[PDB]
Every structure is written in structure tokens, then in C-alpha cells.
Amino acid sequence: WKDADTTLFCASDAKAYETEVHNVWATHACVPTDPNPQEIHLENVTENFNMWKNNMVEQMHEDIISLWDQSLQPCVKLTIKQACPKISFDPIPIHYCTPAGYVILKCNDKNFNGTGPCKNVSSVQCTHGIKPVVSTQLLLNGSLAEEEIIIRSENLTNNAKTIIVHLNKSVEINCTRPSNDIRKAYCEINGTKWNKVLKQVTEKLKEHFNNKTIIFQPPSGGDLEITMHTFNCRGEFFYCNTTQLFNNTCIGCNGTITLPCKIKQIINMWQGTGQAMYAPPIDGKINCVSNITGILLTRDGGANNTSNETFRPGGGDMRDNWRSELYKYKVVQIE
Ligand SMILES: C[C@@H]1CN(C(=O)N2CCC[C@H](C(=O)Nc3ccc(Cl)c(F)c3)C2)C[C@H](C)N1C
Ligand SMILES: *[C@@H]1O[C@H](CO)[C@@H](O)[C@H](O)[C@H]1NC(C)=O
Ligand SMILES: *[C@@H]1O[C@H](CO)[C@@H](O)[C@H](O)[C@H]1NC(C)=O
Ligand SMILES: *[C@@H]1O[C@H](CO)[C@@H](O)[C@H](O)[C@H]1NC(C)=O
Ligand SMILES: *[C@@H]1O[C@H](CO)[C@@H](O)[C@H](O)[C@H]1NC(C)=O
Ligand SMILES: *[C@@H]1O[C@H](CO)[C@@H](O)[C@H](O)[C@H]1NC(C)=O
Ligand SMILES: *[C@@H]1O[C@H](CO)[C@@H](O)[C@H](O)[C@H]1NC(C)=O
Ligand SMILES: *[C@@H]1O[C@H](CO)[C@@H](O)[C@H](O)[C@H]1NC(C)=O
Ligand SMILES: *[C@@H]1O[C@H](CO)[C@@H](O)[C@H](O)[C@H]1NC(C)=O
Ligand SMILES: *[C@@H]1O[C@H](CO)[C@@H](O)[C@H](O)[C@H]1NC(C)=O
Ligand SMILES: *[C@@H]1O[C@H](CO)[C@@H](O)[C@H](O)[C@H]1NC(C)=O
Ligand SMILES: [Cl-]
């Protein structure tokens with residue numbers, strides 16, 4: 001093989017009858033999953049990949065952009081008025097497959113950080129059931145670390161680049177908007193479970209920073225979407241204040257940590273650049289049961305001449321959410 005890139009295609013397990021809109025777009029944009037797909041570990045052939053220079057991330061990105069533009073349509077989009085009926089919405093696993101001529105190579109070593117030489121390399125024709133979850137700060141409904149928690153970064157020293165933390169435990173949030181404000185919402189997280197995981201996070205993160213005294217803090221400057229944990233639940237965008245996770249120390253607090261949320265009608269687009277307003281949340285209890293499997297953080301710019309390094313959660317670029325699950329695939333050209 002040789003390093004090359006070709007516009008791949010997708011594969012879904014969707015249903016042709018459901019009107020949940022992830023299915024709808026995937027049914028008429030992807031083919032059925034390969035019934036019998038097979039992996040083959042190349043006998044001691046070692047290959048090196050790197051996510052931050054992967055093209056399927058960019059290509060997958062373009063997919064969900066076009067998907068949402070087809071799907072989540074706004075009443076008004078300042079980037080034009082349209083129709084905005086409230087629809088069903090729930091992530092579906094999506095696979096990606098090379099066309100005739102190329103093959104995806106996947107890394108199987110449990111300690112891989114996503115940059116450098118993998119030894120246990122195998123060959124696939126399609127990816128795995130990647131769930132395209134759009135969310136900020138923390139990583140939702142993603143994979144799971146096959147060993148220790150892993151810190152993924154294009155360049156640890158460069159602080160303008162984002163840092164992804166892949167958790168080996170799936171700590172969990174439980175967000176709800178009960179019925180008769182119509183926009184009051186709240187997520188509940190087990191305090192000691194997430195804090196036992198984060199006290200591990202800082203200790204398996206200090207090791208990359210010369211045993212410098214690490215420390216966590218809340219976002220310093222932003223536009224809600226980056227400062228507040230923003231995601232989509234049952235078609236509604238949820239802005240949730242996560243100051244109780246990176247500030248409520250405990251590194252008298254082992255109960256259910258409860259964070260507040262608001263349902264924002266106006267949303268600064270994650271796809272292009274601009275605002276887009278919708279309509280009120282539909283009546284009835286709106287509950288989503290999601291898994292935190294990772295977090296996105298941004299280092300300090302300036303904490304050089306210090307004994308510390310404060311970390312703040314990262315947002316904006318949704319490519320890193322795509323990178324998090326695509327950290328193990330690289331498309332190669334068979335020759
Ligand atoms: C061209 C630029 C433009 N962007 C941008 O200006 N912002 C600032 C306002 C908020 C954007 C954002 O993430 N929004 C968001 C919406 C829904 C949900 Cl559910 C979510 F989780 C997040 C990020 C996007 C960026 C990728 N791109 C580089
Ligand atoms: C390489 O990864 C595959 C996938 O699980 C599996 O055979 C095993 O973990 C590794 N193989 C060897 C020989 O260690
Ligand atoms: C996760 O990885 C950390 C290493 O930082 C380890 O201490 C911990 O026991 C691991 N947990 C699980 C459930 O594997
Ligand atoms: C990733 O692993 C490679 C090879 O083991 C190493 O050179 C590199 O420093 C690691 N990167 C991070 C961010 O740990
Ligand atoms: C990482 O960032 C530092 C500081 O900007 C720079 O000196 C270094 O060359 C970068 N690494 C790479 C591989 O470019
Ligand atoms: C959440 O995590 C648990 C344990 O890691 C797993 O069994 C479950 O399938 C996950 N849920 C989703 C929706 O991924
Ligand atoms: C999630 O929160 C709601 C509201 O507090 C609660 O009724 C539900 O039982 C919670 N989920 C679980 C699995 O306990
Ligand atoms: C940090 O301290 C631990 C002591 O538990 C030691 O094992 C490790 O080598 C130290 N690493 C650095 C980078 O100072
Ligand atoms: C989150 O709540 C804290 C109070 O606990 C508040 O100081 C902070 O401003 C809130 N976050 C945002 C983005 O307003
Ligand atoms: C995560 O998966 C669960 C289980 O299917 C689902 O209920 C929840 O809505 C998902 N979270 C998001 C943000 O889509
Ligand atoms: C200070 O930070 C810059 C980039 O933020 C980096 O290039 C430089 O090496 C740092 N200095 C020290 C002493 O770490
Ligand atoms: Cl041999």
C-alpha cells in the first residue's frame with residue numbers, strides 16, 4: 001500500500017420506516033453495513049498514523065454538516081426564513097468504507113495515542129459504528145479506552161492546539177427538562193464517580209507535564225457554546241453550566257452533582273459562522289441519558305514561568321470529536 005486519500009462512502013444500520021432524521025439522511029446517503037466484514041492483523045507489519053493529519057476526519061465532518069443542513073432546519077438562519085417543524089432526533093452508528101481500490105488500516109495496540117508508529121495493525125474495509133455525537137467540552141456516547149486513559153494532542157507544547165482525554169471509564173450524565181420556566185433544565189452526575197475519574201485524569205495528565213502541579217478551572221472567555229457544555233437532546237440544544245466539575249475541587253462531596261441547563265432558541269452555528277433561531281421546546285419531559293467518554297481541554301497560554309498549568313474545557317471545532325473515534329484509522333492505496 002501507499003499513503004493516499006479517496007472520497008470514501010458510508011454505511012448505516014438505519015431503518016427505512018423510522019422518521020428519526022439521522023436514519024432518514026443515512027438511508028438515502030449510505031448503503032447497508034457489510035453483513036460479514038472481516039479484520040486481518042497484518043503479520044508484524046508496523047505502520048504509523050496521526051489523527052491531526054487524517055482526511056476522513058475532514059470528510060466525516062462534511063457529512064454531518066450536510067446532514068444537519070438537510071435535517072435540523074431553523075426557523076431563521078442568519079449566515080432567510082424557512083419552516084421549522086419539530087422532528088425526532090437520536091444518534092445512529094455510522095461506518096466509513098474505502099471504495100474499490102483502497103483499504104482502511106486500523107491500529108489495535110491498546111496504548112496508541114493517535115500519533116506515531118502502531119505495531120498491531122490490521123486491515124478493514126469499513127470503520128466501526130462511529131456515533132456522530134455533536135457536543136462541546138465533554139465527549140458524548142463515544143468509544144472507550146482499551147487500557148489506561150490516553151491524552152491525545154498534536155503537540156503538547158503548543159497551547160493553541162486542543163487536548164483530548166480518552167476515558168477508560170464511562171461516567172454518565174442524565175439531563176432532563178420536566179414539564180409544568182419552559183426552558184429550565186438540569187443534568188445529574190454522580191459526584192464521586194466523576195470525581196474518582198477526574199482525580200485519575202489529573203494524575204495521568206501530570207505525567208506529561210514533568211509532575212507540575214496541575215489544576216482545573218472554568219472557561220475564561222467565550223460565547224456560551226464554548227463556556228457552557230452544549231449538546232443536542234431529542235432535537236433541543238442544551239446549554240449546561242459545568243462549573244461544578246472543573247472547580248468544585250474535591251481533589252464533603254460524594255453525592256449527586258447537579259448542574260443547571262437552559263434551552264437556547266438562538267444558536268451560534270457549529271457548522272458555518274452565524275446565528276440561527278428555532279422555536280420553543282415541545283411539551284413533555286425531555287430526558288437524555290448520555291455517556292461521558294472523553295473531554296476536550298485547552299492549556300494556558302502563559303503559565304510558563306509557573307509551578308502550575310490550569311486547564312479549561314475546549315469547544316468550537318467539532319473535528320476533534322470526529323478525531324476522537326477516528327484516531328485509529330488511516331486510508332491507504334493498494335499497489
Ligand atoms: C468556522 C468556525 C465557526 N464556528 C464558531 O464560530 N463557533 C462559535 C459559536 C459556537 C460554535 C459551536 O460549536 N456551536 C454549537 C452548536 C450546537 C451544538 Cl449541539 C454544539 F455542541 C455547539 C463554535 C464553528 C467552528 C467549527 N468553525 C471553525
Ligand atoms: C492485536 O489486536 C487484535 C485485535 O484485538 C488481537 O488479535 C490482539 O489483541 C493483538 N494480537 C496479538 C498477537 O497480540
Ligand atoms: C484507567 O486508567 C488509569 C490510568 O491512569 C488506571 O489507574 C485506572 O485503574 C483505569 N481504570 C480502568 C477501569 O481500567
Ligand atoms: C504518542 O506516542 C509516541 C510514540 O510512543 C510519542 O513519541 C509521543 O510523544 C506520544 N504523544 C503524546 C501526546 O503522548
Ligand atoms: C510544537 O510547538 C512548539 C512551540 O510552538 C514548537 O517549537 C514545535 O516545533 C512544535 N512541534 C512541531 C512538531 O512542530
Ligand atoms: C455507557 O457506558 C456503559 C459502560 O461503559 C455501556 O455499557 C453502555 O452501552 C454505554 N451506553 C451507550 C449509549 O453507549
Ligand atoms: C435521570 O433523572 C430523572 C430525573 O431526576 C430520574 O427520574 C431518572 O431516574 C434518572 N435516571 C436514572 C437512570 O436514574
Ligand atoms: C513524577 O513522580 C513520580 C512519583 O510517584 C515518579 O514515579 C515519576 O517518575 C515522576 N515523573 C516526572 C516527570 O517527574
Ligand atoms: C456557572 O455558574 C457559576 C456559579 O456557580 C457562575 O459564576 C458562572 O458565571 C456560570 N457560567 C456562566 C457561563 O455564566
Ligand atoms: C446517547 O445515547 C443514549 C442512548 O441511545 C441516548 O438516549 C442519548 O440521547 C444520547 N445522547 C445524545 C447527546 O445524543
Ligand atoms: C513558553 O511558551 C512558548 C509557547 O507558549 C514555548 O514556545 C516556550 O518553550 C515556553 N517556555 C518554556 C520555558 O517552557
Ligand atoms: Cl518473518
# chains A, B, ... in the order shown; residues from 1 in each chain; ligands from 1
call {"tool": "closest_atom_pairs", "arguments": {"of": "chain A", "to": "ligand 12", "cutoff": "10 Å", "atoms": "only C-alpha atoms and all ligand atoms", "output": "JSON lines"}}
result
{"residue": "A:43", "atom": "CA", "partner": "ligand 12", "partner_atom_place_in_ligand_line": "1 (Cl)", "distance": 7.9}
{"residue": "A:44", "atom": "CA", "partner": "ligand 12", "partner_atom_place_in_ligand_line": "1 (Cl)", "distance": 7.8}
{"residue": "A:45", "atom": "CA", "partner": "ligand 12", "partner_atom_place_in_ligand_line": "1 (Cl)", "distance": 9.7}
call {"tool": "write_last_selection", "arguments": {"atoms": "C-alpha atoms", "output": "tab-separated table (two decimals), in the first residue's frame"}}
result
chain	number	residue	atom	x	y	z
A	43	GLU	CA	1.74	-10.27	10.33
A	44	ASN	CA	4.08	-7.95	12.26
A	45	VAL	CA	3.74	-5.10	9.74
call {"tool": "residues_around", "arguments": {"residues": "residue A:319", "least_positions_apart": "4", "cutoff": "9 Å", "atoms": "only C-alpha atoms", "output": "count of residues only"}}
result
6
call {"tool": "residues_near_ligand", "arguments": {"ligand": "ligand 1", "cutoff": "9 Å", "atoms": "only C-alpha atoms and all ligand atoms", "output": "MDAnalysis selection string"}}
result
chainID A and resid 133:137 222:226 229:233 236:239 267:275 315:319
call {"tool": "residues_near_ligand", "arguments": {"ligand": "ligand 4", "cutoff": "8 Å", "atoms": "only C-alpha atoms and all ligand atoms", "output": "compact mmCIF listing (two decimals) with C-alpha atoms, in the first residue's frame"}}
result
# COMPACT_ATOMS: atom_id res chain seq x y z
CA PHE A 112 -1.83 4.09 20.99
CA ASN A 113 -2.24 7.83 21.45
CA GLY A 114 -3.12 8.59 17.82
CA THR A 115 0.29 9.86 16.64
CA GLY A 116 3.25 7.65 15.86
CA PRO A 117 4.05 4.05 14.94
CA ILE A 150 -4.99 8.45 26.99
CA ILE A 151 -4.09 12.09 26.34
CA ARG A 152 -4.31 12.90 22.62
CA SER A 153 -2.63 16.05 21.32
CA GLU A 154 -1.00 17.16 18.08
CA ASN A 155 1.73 18.97 20.05
CA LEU A 156 1.71 19.09 23.86
CA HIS A 208 3.13 14.55 30.59
call {"tool": "closest_residue", "arguments": {"among": "A:34, A:309, A:203, A:181", "to": "residue A:215", "atoms": "only C-alpha atoms"}}
result
A:309
call {"tool": "select_by_dssp", "arguments": {"residues": "stretch 45-284 of chain A", "states": "helix (DSSP H, G or I)", "output": "ChimeraX atom specification"}}
result
/A:51-53,55-70,191-209
call {"tool": "closest_residue", "arguments": {"among": "A:73, A:46, A:307, A:36", "to": "residue A:212", "atoms": "only C-alpha atoms"}}
result
A:307
call {"tool": "residues_near_ligand", "arguments": {"ligand": "ligand 8", "cutoff": "8 Å", "atoms": "only C-alpha atoms and all ligand atoms", "output": "list in words"}}
result
residues 206, 207, 208, 209, 210, 211 and 212 of chain A
call {"tool": "write_last_selection", "arguments": {"atoms": "N, CA and C atoms", "output": "PDB file, in the first residue's frame"}}
result
ATOM      1  N   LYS A 206      -0.651  14.859  34.728  1.00  0.00           N
ATOM      2  CA  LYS A 206       0.560  15.444  35.295  1.00  0.00           C
ATOM      3  C   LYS A 206       1.818  14.786  34.743  1.00  0.00           C
ATOM      4  N   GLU A 207       1.741  13.497  34.399  1.00  0.00           N
ATOM      5  CA  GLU A 207       2.923  12.763  33.953  1.00  0.00           C
ATOM      6  C   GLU A 207       3.492  13.327  32.657  1.00  0.00           C
ATOM      7  N   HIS A 208       2.648  13.905  31.805  1.00  0.00           N
ATOM      8  CA  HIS A 208       3.131  14.550  30.590  1.00  0.00           C
ATOM      9  C   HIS A 208       3.698  15.942  30.840  1.00  0.00           C
ATOM     10  N   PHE A 209       3.612  16.457  32.065  1.00  0.00           N
ATOM     11  CA  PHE A 209       3.984  17.834  32.367  1.00  0.00           C
ATOM     12  C   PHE A 209       4.985  17.906  33.513  1.00  0.00           C
ATOM     13  N   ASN A 210       5.912  16.946  33.556  1.00  0.00           N
ATOM     14  CA  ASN A 210       7.071  16.997  34.450  1.00  0.00           C
ATOM     15  C   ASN A 210       6.657  17.068  35.920  1.00  0.00           C
ATOM     16  N   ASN A 211       5.561  16.386  36.258  1.00  0.00           N
ATOM     17  CA  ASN A 211       4.990  16.405  37.611  1.00  0.00           C
ATOM     18  C   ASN A 211       4.706  17.826  38.091  1.00  0.00           C
ATOM     19  N   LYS A 212       4.423  18.733  37.161  1.00  0.00           N
ATOM     20  CA  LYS A 212       3.969  20.062  37.540  1.00  0.00           C
ATOM     21  C   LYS A 212       2.605  19.966  38.210  1.00  0.00           C
TER      22      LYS A 212
END
call {"tool": "closest_atom_pairs", "arguments": {"of": "chain A", "to": "ligand 11", "cutoff": "10 Å", "atoms": "only C-alpha atoms and all ligand atoms", "output": "tab-separated table"}}
result
residue	atom	partner	partner_atom_place_in_ligand_line	distance
A:157	CA	ligand 11	6 (C)	6.6
A:158	CA	ligand 11	4 (C)	5.9
A:159	CA	ligand 11	5 (O)	5.9
A:160	CA	ligand 11	5 (O)	8.2
A:299	CA	ligand 11	5 (O)	9.4
A:300	CA	ligand 11	5 (O)	8.2
A:301	CA	ligand 11	5 (O)	5.6
A:302	CA	ligand 11	5 (O)	6.2
A:303	CA	ligand 11	1 (C)	7.7
A:304	CA	ligand 11	1 (C)	5.0
A:305	CA	ligand 11	13 (C)	6.6
A:306	CA	ligand 11	13 (C)	9.4
call {"tool": "residues_near_ligand", "arguments": {"ligand": "ligand 3", "cutoff": "7 Å", "atoms": "only C-alpha atoms and all ligand atoms", "output": "list in words"}}
result
residues 147, 148, 149, 168, 169, 200, 201, 203 and 204 of chain A
call {"tool": "closest_residue", "arguments": {"among": "A:294, A:99, A:255, A:191", "to": "ligand 6", "atoms": "only C-alpha atoms and all ligand atoms"}}
result
A:294
call {"tool": "residues_near_ligand", "arguments": {"ligand": "ligand 9", "cutoff": "6 Å", "atoms": "only C-alpha atoms and all ligand atoms", "output": "VMD selection string"}}
result
chain A and resid 224 227 to 228 241 243
call {"tool": "write_last_selection", "arguments": {"atoms": "C-alpha atoms", "output": "JSON list (two decimals), in the first residue's frame"}}
result
[["chain", "number", "residue", "atom", "x", "y", "z"],
["A", 224, "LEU", "CA", -21.87, 30.13, 25.86],
["A", 227, "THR", "CA", -18.14, 28.07, 28.02],
["A", 228, "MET", "CA", -21.29, 26.02, 28.72],
["A", 241, "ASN", "CA", -23.08, 25.10, 33.27],
["A", 243, "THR", "CA", -18.51, 24.92, 36.68]]
call {"tool": "residues_around", "arguments": {"residues": "stretch 79-90 of chain A", "least_positions_apart": "2", "cutoff": "9 Å", "atoms": "only C-alpha atoms", "output": "list in words"}}
result
residues 19, 20, 21, 22, 23, 71, 72, 73, 74, 75, 76, 77, 92, 232, 233, 234, 235, 269, 272, 273, 274, 275, 276, 278, 279, 281 and 282 of chain A
call {"tool": "write_last_selection", "arguments": {"atoms": "C-alpha atoms", "output": "mmCIF file, in the first residue's frame"}}
result
data_model
loop_
_atom_site.group_PDB
_atom_site.id
_atom_site.type_symbol
_atom_site.label_atom_id
_atom_site.label_comp_id
_atom_site.auth_asym_id
_atom_site.auth_seq_id
_atom_site.Cartn_x
_atom_site.Cartn_y
_atom_site.Cartn_z
ATOM 1 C CA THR A 19 -38.623 9.158 10.524
ATOM 2 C CA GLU A 20 -35.837 9.859 13.017
ATOM 3 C CA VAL A 21 -33.793 12.129 10.859
ATOM 4 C CA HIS A 22 -30.360 10.546 11.327
ATOM 5 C CA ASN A 23 -31.875 7.397 9.804
ATOM 6 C CA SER A 71 -32.138 17.845 8.830
ATOM 7 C CA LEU A 72 -32.159 20.318 11.762
ATOM 8 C CA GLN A 73 -33.694 23.167 9.923
ATOM 9 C CA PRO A 74 -34.002 26.593 11.569
ATOM 10 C CA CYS A 75 -36.942 28.955 11.586
ATOM 11 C CA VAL A 76 -34.409 31.713 10.840
ATOM 12 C CA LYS A 77 -30.716 31.363 9.938
ATOM 13 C CA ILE A 92 -27.193 6.331 14.813
ATOM 14 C CA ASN A 232 -28.453 18.286 21.357
ATOM 15 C CA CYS A 233 -31.056 16.186 23.176
ATOM 16 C CA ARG A 234 -34.171 14.941 21.354
ATOM 17 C CA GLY A 235 -33.855 17.849 18.923
ATOM 18 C CA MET A 269 -23.761 27.645 14.337
ATOM 19 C CA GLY A 272 -20.634 27.579 9.355
ATOM 20 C CA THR A 273 -20.496 31.002 11.024
ATOM 21 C CA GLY A 274 -23.655 32.768 12.131
ATOM 22 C CA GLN A 275 -26.719 32.552 14.335
ATOM 23 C CA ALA A 276 -29.884 30.503 13.859
ATOM 24 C CA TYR A 278 -35.643 27.937 16.334
ATOM 25 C CA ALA A 279 -38.793 27.517 18.382
ATOM 26 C CA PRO A 281 -39.088 23.045 23.199
ATOM 27 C CA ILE A 282 -42.041 20.735 22.695
#
call {"tool": "residues_near_ligand", "arguments": {"ligand": "ligand 7", "cutoff": "12 Å", "atoms": "only C-alpha atoms and all ligand atoms", "output": "MDAnalysis selection string"}}
result
chainID A and resid 172:179 185:190 256:259 285:291
call {"tool": "closest_residue", "arguments": {"among": "A:167, A:91, A:129, A:314", "to": "ligand 10", "atoms": "only C-alpha atoms and all ligand atoms"}}
result
A:91
call {"tool": "residues_around", "arguments": {"residues": "residue A:100", "least_positions_apart": "6", "cutoff": "12 Å", "atoms": "only C-alpha atoms", "output": "PyMOL selection string"}}
result
chain A and resi 6-9+125+332-334
call {"tool": "write_last_selection", "arguments": {"atoms": "C-alpha atoms", "output": "CSV table (one decimal), in the first residue's frame"}}
result
chain,number,residue,atom,x,y,z
A,6,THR,CA,-10.0,8.9,-1.7
A,7,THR,CA,-13.6,10.1,-1.1
A,8,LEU,CA,-15.0,7.2,0.9
A,9,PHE,CA,-18.6,6.3,1.4
A,125,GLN,CA,-12.9,-2.4,4.5
A,332,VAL,CA,-4.2,3.5,2.2
A,333,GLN,CA,-3.9,2.8,-1.5
A,334,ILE,CA,-3.3,-0.8,-2.5
call {"tool": "atom_distance", "arguments": {"atom1": "atom CA of residue A:62", "atom2": "atom CA of residue A:105"}}
result
21.5 Å
call {"tool": "closest_residue", "arguments": {"among": "A:310, A:244, A:70, A:123", "to": "residue A:104", "atoms": "only C-alpha atoms"}}
result
A:123
call {"tool": "residues_around", "arguments": {"residues": "stretch 106-111 of chain A", "least_positions_apart": "4", "cutoff": "7 Å", "atoms": "only C-alpha atoms", "output": "count of residues only"}}
result
12
